[PDB]
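Just the one chain here, the form deposited in one PDB entry, laid out as structure tokens.
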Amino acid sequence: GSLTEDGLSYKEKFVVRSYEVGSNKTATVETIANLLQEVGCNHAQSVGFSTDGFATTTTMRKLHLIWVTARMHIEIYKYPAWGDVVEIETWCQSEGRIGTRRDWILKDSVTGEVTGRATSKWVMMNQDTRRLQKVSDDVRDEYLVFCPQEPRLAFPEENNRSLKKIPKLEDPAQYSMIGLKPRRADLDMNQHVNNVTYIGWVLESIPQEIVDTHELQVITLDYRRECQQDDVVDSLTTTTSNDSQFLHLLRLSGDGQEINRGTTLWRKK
């Protein structure tokens, strides 16, 4: 792993491990998600930002401010096989006072073809109060020198799937997985439930018949609230659709408080 020649992006190669593959002998979407997070963290380290998943500046730490993901969007064309080398490039861009965006391009190291792409929107919030806030000028200036100043988008299209509005699933859901609880492996270095865990929980309510005959092509997830260590979650899915599409909702098992919402698109294997 290293920053690229112009220092405005970061690249790193990964060799798919035996325990990282699923029922098809290819990397799972959760293996891909961890690798996206790993390369994002290595990028923050390289330019001096925090490495705790909050990618903070010295000014942000003084003010108890952190970066939090509001939306994650991943599109995989080909899942790498066990032992394959995948190259991932990542970069950040400011979206003015709104927040920041981190993009990723996944490539097969051998052919150089783009096997996937991802985008994420991040908002600033006070860690203690949980209150969101627009990005200050001082913080913006600390980061802008590490970003390309001309737009560089992983999803440049006009009506791309990464910007689609996501509705709230209405009861009754077609399918459900109830009483899901995080274990210590589901928490990060700061005892917070990892965003990759939520991807796994969304996918738990997809029937096994879909998982067996299809491959996940797109997953978009809108994050609303954090799930604590002692929280219990219910994962809800309703079919909305050649391809299959689903609408997802994660909510607390008790009061039904919303944690996440999302959509998936699957293609016949």
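Residue positions are given as counts along the sequence shown, with the first one as 1. The term rigid core refers to the maximal set of C-alpha atoms that superpose within 1.5 Å between the two forms.
Engineer: Residue 49: absent from a third or more of the other PDB entries compared?
Structural biologist: No, modelled in all of them.
Engineer: Would you say residue 241 is commonly dropped, meaning unmodelled in a third or more of the other compared entries that have residues on each side of it?
Structural biologist: Residue 241: modelled in all of the comparison entries.
Engineer: Does the entry skip any residues of the deposited sequence between residue 241 and residue 242, and if so, is it 1 to 3, 4 to 9, or 10 or more, or none at all?
Structural biologist: Per the deposited record, the segment joining residue 241 and residue 242 lacks coordinates for 10 or more residues.
Engineer: Output the stretch having the higher mean C-alpha B factor in the entry; the candidates are 157 to 165 and 76 to 84.
Structural biologist: Going by the record's values, the stretch with the higher mean is 157 to 165.
Engineer: On mean Cα temperature factor in this entry, is 127 to 135 or 173 to 181 the higher one?
Structural biologist: Taking the mean B-factor of the alpha carbons in each, 127 to 135 is higher.
Engineer: Which one, 210, 39, 203, 221, has the peak C-alpha temperature factor per the PDB entry?
Structural biologist: Of the options given, 210 has the highest CA B-factor in the PDB entry.
Engineer: Take the CA temperature factors straight from the PDB entry and tell me which of 190, 90, 197, 100 peaks.
Structural biologist: Within the set 190, 90, 197, 100, 190 shows the top C-alpha B-factor.
Engineer: Would you please rank residue 56 by its C-alpha temperature factor against the other modelled residues of its chain and give the third it falls in: lowest, middle or highest?
Structural biologist: Answer is middle: the recorded C-alpha B-factor places it there.
Engineer: Just say lowest, middle or highest third for the CA B-factor of residue 228 relative to the other modelled residues in its chain.
Structural biologist: Its C-alpha B-factor belongs to the highest third of this chain's values.
Engineer: For the chain shown, is the CA B-factor of residue 106 in the lowest, middle or highest third of its modelled residues?
Structural biologist: Lowest third.
Engineer: What third of the chain, by the recorded C-alpha B-factor, contains residue 115?
Structural biologist: Within its chain, residue 115 is a middle-third residue by C-alpha B-factor, going by the deposited values.
Engineer: Just say lowest, middle or highest third for the CA B-factor of residue 64 relative to the other modelled residues in its chain.
Structural biologist: As the PDB entry reports it, the C-alpha B-factor of residue 64 lands in the middle third of its chain.
Beyond what is shown, the protein has a form solved in complex with a small molecule; the following relates to that form.
Engineer: Is residue 47 close to the small molecule in the deposited complex, meaning a heavy atom pair under 4.5 Å apart or at it?
Structural biologist: Because a heavy atom of residue 47 falls inside 4.5 Å of the small molecule in the deposited complex, the answer is yes.
Engineer: Is residue 236 a contact residue for the small molecule in the deposited complex, using a 4.5 Å heavy atom cut-off?
Structural biologist: Looking in the deposited complex, residue contacts with the small molecule do not include residue 236, since no heavy atom lies within 4.5 Å.
Engineer: How about residue 55: is it within 4.5 Å of the small molecule in the deposited complex, going by heavy atoms?
Structural biologist: Yes.
Engineer: Can you work out whether residue 154 and the small molecule are in contact in the deposited complex, taking contact to mean some heavy atom pair no more than 4.5 Å apart?
Structural biologist: Residue 154: no contact with the small molecule in the deposited complex.
Engineer: Hey, with the small molecule in the deposited complex, do 40, 92 and 122 all fall inside the 4.5 Å heavy atom range?
Structural biologist: All of them do, each having a heavy atom within 4.5 Å of the partner.
Engineer: Listing 51, 46, 229, 213 as candidates, which single one shows a C-alpha movement of 2 Å or greater between this form and the one not shown when the core is held fixed?
Structural biologist: Going through each option, the one that shifts is 51.
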